[PDB]
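Heads up, the chain below is alone and in the form deposited in one PDB entry; it's given as structure tokens.
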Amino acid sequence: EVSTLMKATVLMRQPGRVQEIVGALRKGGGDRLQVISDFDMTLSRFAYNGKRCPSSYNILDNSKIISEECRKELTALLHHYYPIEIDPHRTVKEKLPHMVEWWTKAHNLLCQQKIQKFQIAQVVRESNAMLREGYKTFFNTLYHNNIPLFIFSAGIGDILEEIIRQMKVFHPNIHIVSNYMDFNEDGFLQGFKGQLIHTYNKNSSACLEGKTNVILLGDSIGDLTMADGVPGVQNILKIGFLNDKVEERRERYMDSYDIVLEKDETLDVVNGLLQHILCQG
């Protein structure tokens, strides 16, 4: 019996199956647990006080480090490629090369600007970034219980890192899997480290001591693949935030996610399950 799953925001297509998965995670305990979470609109809020909260892309796109001309080119890239991303009549494989182009073109553009490492903190300090209510309990509980948290984003990892750092919850159990800026010795942006992470490879292959049990947190249908690449996953619980277009997407989300949290700007349910799992061996 999990009290937290009775919150008004909770939707479960198969509650009996959910209680089976939760009971399996309970028996594994913290020793076998890892959390794999998207960032934008999952750990960060969708809206606050009737106003939409920015994505990590918005924080960069509206920032003062980006010039007028560069912002115009980034906008033209979006008007070109975003309709491809959301085209209902194309398969993933018919969107994949264009998303790779979109990301490569945007990164190449950022590298033509004179971005310096210290400017990222300034961009975040002035932004309206907000984490979901209960983030202190979420990050603090994972850290004190030695639970690895992998945060996935196809955006800029330095931006995510500075948001969490400035909220005083960047504990060493946090591992951000994203596109990190590559700075030269002078501190100027010259490229991006590692392999490109775009919207279709935001999964664990971009990244363990018996971490067979997974809690997955996301807000998009694409986020369901984030744990793909984790070897020997014995149990997985997928929790999805349904923030927008609720009537159109509710049945889809309930079919795909084990637990759906509808218009819930808190981590209350995730924190309750975490406490339930960790407290029972």
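We call the rigid core whatever largest set of C-alpha positions still superposes within 1.5 Å between the two forms. One rule holds for the numbers: they count along the sequence shown, beginning at 1.
- In the deposited entry, the stretch joining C207 to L208 is interrupted by 4 to 9 residues of the deposited sequence lacking coordinates.
- As listed in the deposited structure, the average C-alpha B-factor of 159 to 167 and of 180 to 188 is greater for 180 to 188.
- Stretches 234 to 242 and 50 to 58 differ in mean CA B factor, with 50 to 58 having the higher one.
- Of the candidates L110, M130, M99, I151, the deposited coordinates give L110 the top C-alpha B factor.
- Per the deposited coordinates, the residue with the largest Cα temperature factor out of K64, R45, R26, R250 is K64.
- Annotation for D255: C-alpha temperature factor in the middle third relative to the rest of the modelled chain, per the entry.
- Annotation for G229: C-alpha temperature factor in the highest third relative to the rest of the modelled chain, per the entry.
- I84: CA B factor lies in the lowest third for its chain, per the PDB record.
- The PDB entry assigns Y200 a C-alpha temperature factor belonging to the middle third of its chain's modelled residues.
- Looking at the C-alpha B-factors along this chain, the one for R71 belongs to the highest third.
Absent from the display: the form deposited in another entry. The rest refers to it.
- Once the core is superposed between this form and the one not shown, every option in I84, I176, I147, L109 stays below 2 Å in C-alpha shift except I84.
- After superposition on the rigid core, the Cα of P97 moves by 2 Å or more between this form and the one not shown.
- Superposed on the core, the two forms differ at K51: its CA moves 2 Å or more between this form and the one not shown.
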